[PDB]
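The structure appears below as structure tokens.
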Amino acid sequence: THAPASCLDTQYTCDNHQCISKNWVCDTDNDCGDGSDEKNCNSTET
Ligand SMILES: [Ca+2]
């Protein structure tokens, strides 16, 4: 019994509850607007 996450399976759930592609997460461009997809990442890209 798997628990279905928010948004699509291949989608990411931003802090703003936005549903973007998981391939957009931490791609050095804020997709969620608030940039939560970029904030949830561990790299010194600045
Ligand atoms: Ca992004």
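Labels for the structure tokens follow display order: chains A, B, ..., residues from 1 in each chain, ligands from 1.
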
With only C-alpha atoms and all ligand atoms counted, collect every polymer residue having an atom within 6 Å of ligand 1; state the result as a ChimeraX atom specification.
-> /A:24-31,37-38

Could you find all residues in chain A that DSSP calls alpha helix (DSSP H) from the backbone, and write them as a PyMOL selection string?
-> chain A and resi 36-39

Write the residues you've just listed into a file as a CSV table (one decimal), in the first residue's frame, and include N, CA and C atoms for each of them.
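This went into part_26.csv:
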chain,number,residue,atom,x,y,z
A,36,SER,N,11.0,27.5,-4.6
A,36,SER,CA,11.0,26.4,-3.6
A,36,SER,C,11.6,25.1,-4.2
A,37,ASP,N,11.5,25.0,-5.5
A,37,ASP,CA,12.1,23.9,-6.3
A,37,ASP,C,13.6,24.1,-6.3
A,38,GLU,N,14.1,25.3,-6.2
A,38,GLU,CA,15.5,25.6,-6.2
A,38,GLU,C,16.1,25.6,-4.8
A,39,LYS,N,15.2,25.9,-3.8
A,39,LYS,CA,15.6,26.0,-2.4
A,39,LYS,C,15.9,24.6,-1.9

Tell me which of A:46, A:41, A:3, A:33 sits closest to residue 15 (chain A), counting only C-alpha atoms.
-> A:33

So which residues touch residue 21 (chain A) within 7 Å, counting only C-alpha atoms, skipping near sequence neighbours fewer than 4 positions away, as a list in words?
-> residues 10, 11 and 12 of chain A

Selected residues, N, CA, C and O atoms, written as a compact mmCIF listing (two decimals), in the first residue's frame, please.
# COMPACT_ATOMS: atom_id res chain seq x y z
N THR A 10 5.47 12.19 -11.45
CA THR A 10 6.66 12.80 -12.00
C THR A 10 6.72 14.29 -11.70
O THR A 10 7.67 14.98 -12.09
N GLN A 11 5.71 14.80 -11.01
CA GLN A 11 5.69 16.20 -10.65
C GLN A 11 6.18 16.43 -9.24
O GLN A 11 6.07 15.56 -8.38
N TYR A 12 6.70 17.61 -9.03
CA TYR A 12 7.17 18.04 -7.73
C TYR A 12 6.15 18.98 -7.13
O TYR A 12 5.46 19.71 -7.85

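DSSP, applied to the backbone of this structure, assigns strand (DSSP E) to the following residues of region 10-43 of chain A: residues 11, 12, 13, 19, 20 and 21 of chain A.
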
Which residues come within 10 Å of residue 7 (chain A), counting only C-alpha atoms, excluding same-chain residues fewer than 5 positions away, as a PyMOL selection string?
-> chain A and resi 12-14+17-21
